[PDB]
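Colleague: Fold the following for me, if possible:
(4 chains)
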Amino acid sequence: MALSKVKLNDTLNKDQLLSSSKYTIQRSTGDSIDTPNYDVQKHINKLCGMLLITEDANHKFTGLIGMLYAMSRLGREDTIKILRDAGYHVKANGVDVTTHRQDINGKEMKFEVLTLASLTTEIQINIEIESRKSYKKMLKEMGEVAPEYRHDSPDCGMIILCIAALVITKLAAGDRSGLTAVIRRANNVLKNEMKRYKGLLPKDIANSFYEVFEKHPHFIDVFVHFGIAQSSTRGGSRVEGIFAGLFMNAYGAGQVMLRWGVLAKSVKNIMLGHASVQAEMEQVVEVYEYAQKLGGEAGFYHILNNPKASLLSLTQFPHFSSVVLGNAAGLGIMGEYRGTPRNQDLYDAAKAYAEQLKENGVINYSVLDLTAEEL
Amino acid sequence: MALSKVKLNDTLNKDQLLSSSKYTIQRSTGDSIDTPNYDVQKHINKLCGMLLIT
Amino acid sequence: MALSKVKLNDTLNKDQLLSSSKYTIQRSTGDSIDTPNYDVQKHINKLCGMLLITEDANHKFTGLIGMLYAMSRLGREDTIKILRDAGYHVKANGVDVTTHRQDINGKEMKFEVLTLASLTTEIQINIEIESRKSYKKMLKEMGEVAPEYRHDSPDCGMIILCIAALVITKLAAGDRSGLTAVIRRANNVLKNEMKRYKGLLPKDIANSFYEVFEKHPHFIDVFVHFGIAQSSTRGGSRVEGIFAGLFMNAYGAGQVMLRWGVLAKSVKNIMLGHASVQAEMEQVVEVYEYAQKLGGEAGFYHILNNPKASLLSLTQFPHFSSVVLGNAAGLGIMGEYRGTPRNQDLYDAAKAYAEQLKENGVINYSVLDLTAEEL
RNA sequence: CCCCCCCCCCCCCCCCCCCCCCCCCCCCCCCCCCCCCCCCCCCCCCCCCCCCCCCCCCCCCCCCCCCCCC
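Modeller: Numbering: from 1, shown residues only, chains lettered A, B, ... in the order given. Have a look at this structure:
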């Protein structure tokens, strides 16, 4: 009645404030950005392949090249549009294919290159030279190169962007610490591809992507939205199916704590009954309902650095955090998770009860009814 | 009442995200694709038969 | 029935009055104000860096320069618009980049400067000279300067505005008394940045900002709204994520008393039952509901000096104030808080009961039900 | 007057899938009887009868409000 009516909604208040700014900032990204159009797309995918067939390839530029493929999928107009939507001033840089004439080994040669701010028509021909070497050597070994082994395969563009997706997976912690998790998965999920391409080195590309995301942080946006627009797709090659599968493992990065909450609720961990956890409840519901109201776009809040993401934190509730993290310890899902309970006693109690829960599965007969049962 | 109300819909959330992309990709299939019209149809069916009697 | 129907709503009445003025005041801010546009933004961020690489830099002008960065983000038109919305007459001052020619050390040199009312093209070149010194010295020490160490890093603008945000955090008390709290946090939260920049002195900038807010109090508005518009953002660098995180710690400054109320309610502190606290209840609900109705924009009322902020005070209720402040004492969250209970007996009673509450966590089983439990 | 505390967040694991299988099959038109309907008696009506009728203006006292604290 009298005091139980006094409360303050802070989580939703804060959203409401950020949501309703009457003014906007705009960032100046850099001097140029290349916006490759649909028409260059095949050529980029071709350049991607060249790196994949090259054994022990230099993967310095693979991060950046991948982003170029993603942008040539989105297309010149759509790509600019997502940059302006994120808020950055864009010096758009049109991308044309031109032929270059240079004497490699004395003899003069032609090359297919792109006019790129970010990539010298030098370091380009160098990938094409290096590829040809790993290719004539490949031709010698098997006699004739199969289509799945060449740089033509329509998958090459997407294959590269696969480990890119995996990078997004672990970009939650902010540092390079995912890298060993990234290689580990790339090996099981992508093992088939690694067999067709000697240049598919997980460690090296994953680093080249981490590199391009840390350095140019606006790309992380572009990629996330490309990834969405590619997952919106109606059909596609098994590799685009893999891409989307992985990309979607990254929905909800940083909010692990949240799902583990739903879990603690689902298993009916007893430590949720505790008085000092019951005290937080009112607010913890606020936030869960906030996540609900936010919907889909919410999962990617931690990966892009969307300010509003702080709001989803369950950290602000130490007692609940502790029983939820405990529950997830006792069920053996946490670790090597570097989260720390703020309440050691509760964590221990919840871990304890949770370990006991997996022991005894009691059958519940009031979920499904039957008018005659002999047993 | 209190905890049994806390949940997160993830399956439907995810759909809702993919469904509502504001941008789109477009793939470059190959150099050509043949799009035979209605008017060639009988001839194609004929070519099909040829393989079936052989 | 008869007397229990007589009441007067004063809190909501007062709001309703202020909300519905039919006339308006307009203040004359000063002779000029510079409104840098989007197009100068990179240059300002560059000038910011110069101060951050300079070891033992003079941070007198850093307060004002920070505000210039924020205003070049908002953009010339948006910035003016928020000034007129706050109500101040604006002598808008357009900002152009021009080259200056001056002989430093005998030899003649070029400089990139801005035409600024608030900043002499003298004191500008002086930051650029000082930076170059700390830079060639830096070049000597490590041989080659990494990108995270230069004045180019896109973060420099925002990094500076970070301690600015922290200043807003503690601007609740009105005086310089936050300053030691400001340095303390800047050191843990920003420790990584302080490693990349020898010119990131928390004490010195924080003072330079306090300075520019006390002196030109209209900027405090501009900054708050920039801060909102930057937190509205969709994505961003880890540093813009930090910025927003801190900025939002300042939502609800001055209304600490209010949240501690919700707390006293949440823990069911017994002293809320007391007769003389029950007597205030009717009004205390009025105010809590007022805060609810006000919503998001309400949190920043104390930081800007929004008159309407007096209304949120729980001071006008001594008995409730005292049990709420007591509760927060007994739970060890207050201190070194300089709030005084107006009722010593109630404060002591509530502190007492509150200390006893953390002792015994009694498990409540009627929140979650189960059709069969053996234990 | 009001205000005055502490405080970024974040950190795990992980694609997915994989079986079997066309369908269908019976029987069979429907209907068929009886039978127009109706038929009586019967205008309606009728009396008595204007309404109204008293008394009556109304009003009349005392009184500005307000004052603390913050």
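Colleague: what about the closest residue to residue A:28 other than its chain neighbours, how many residues close to it?
Modeller: Closest residue to residue A:28 apart from its sequence neighbours, by CB to CB, 6 or more residues apart in numbering or on different chains: residue C:42 at 4.5 Å. Just so you know, the C-beta spots here come from the backbone N, C-alpha and C atoms, and that holds for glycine as well. Residue C:42 has 20 neighbours, counted by other CB atoms under 10 Å in any protein chain shown.
Colleague: With adjacent residues omitted, what lies nearest to the residue of chain A found nearest chain B?
Modeller: Here the residue of chain A nearest chain B is residue A:296; by CB to the nearest CB that distance is 2.9 Å. Here the nearest residue to residue A:296 in space, its sequence neighbours aside, is residue B:17; by CB to CB, 6+ apart that works out to 2.9 Å.
Colleague: host element of that neighbour?
Modeller: Assigned by DSSP states H and E, residue B:17 belongs to helix B:11-19.
Colleague: For the next helix or strand after that helix, which outside residues touch it?
Modeller: Per DSSP H and E, the first helix or strand lying C-terminal to helix B:11-19 is helix B:41-53. Contact with helix B:41-53 is made by residue B:36, as judged by CB atoms under 8 Å, 6 or more residues apart in numbering or on different chains.
Colleague: Need the CA coordinates for helix B:41-53. CSV is fine.
Modeller: Output of helix B:41-53 as CSV, limited to C-alpha atoms (Å, rounded to 0.1, in the frame of the first residue of the first chain):
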residue,chain,number,x,y,z
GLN,B,41,10.2,-25.4,-73.5
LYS,B,42,9.1,-28.2,-75.9
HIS,B,43,12.5,-28.4,-77.5
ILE,B,44,14.2,-28.8,-74.1
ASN,B,45,11.7,-31.6,-73.2
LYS,B,46,12.6,-33.1,-76.5
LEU,B,47,16.4,-33.0,-75.7
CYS,B,48,15.5,-34.6,-72.3
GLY,B,49,13.8,-37.5,-74.1
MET,B,50,16.8,-38.1,-76.3
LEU,B,51,18.8,-38.8,-73.1
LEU,B,52,16.1,-41.1,-71.8
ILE,B,53,15.9,-43.4,-74.8
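Colleague: Please state the offset of it from the chain centre?
Modeller: 27 Å (CA atoms, centre = their mean, to the nearest Å).
Colleague: which residue is nearest the middle of chain A?
Modeller: For chain A, residue A:168 is the residue whose C-alpha lies nearest the centre (CA atoms, centre = their mean; 2.4 Å).
Colleague: Can you tell me how far that residue is from RNA strand D?
Modeller: 10 Å (CB to the nearest atom of the strand, to the nearest Å).
Colleague: what's next to the helix holding residue B:17, contact-wise?
Modeller: Residues outside helix B:11-19 that contact it (CB under 8 Å, 6+ apart): A:228, A:231-232, A:248, A:251, A:295-300.
Colleague: So among those, which ones count as buried?
Modeller: Applying a neighbour-count criterion of 16 or more other CB atoms under 10 Å in any protein chain shown, the buried members of the contacts of helix B:11-19 are A:228, A:231-232, A:248, A:251, A:296-300.
Colleague: what about the residue of chain A found nearest RNA strand D, how many neighbours?
Modeller: As assessed by CB to the nearest atom of the strand, RNA strand D sits closest to residue A:245 within chain A, at 1.9 Å. When neighbours are defined as other CB under 10 Å, residue A:245 has 13 of them.
Colleague: do the same with residue A:310
Modeller: Residues lying near residue A:310 (other CB under 10 Å) number 21.
Colleague: Please apply the same query to residue A:119.
Modeller: The number of residues near residue A:119, taken as other CB under 10 Å, comes to 18.
Colleague: swap in the one 4 residues further on?
Modeller: Counted with other CB under 10 Å, the neighbours of residue A:123 add up to 12.
Colleague: just residue A:146 next, same as before
Modeller: Using other CB under 10 Å, residue A:146 is surrounded by 9 other residues.
Colleague: Could you do residue A:369 as well?
Modeller: Neighbours around residue A:369, by other CB under 10 Å: 7.
Colleague: Near RNA strand D, which residues of the stretch 251-375 of chain A are found?
Modeller: By CB under 7 Å from any atom of the strand, the residues of the stretch 251-375 of chain A that approach RNA strand D are A:253-257, A:259, A:302, A:309-310, A:312-316, A:333-340.
Colleague: Many thanks, we can stop here.
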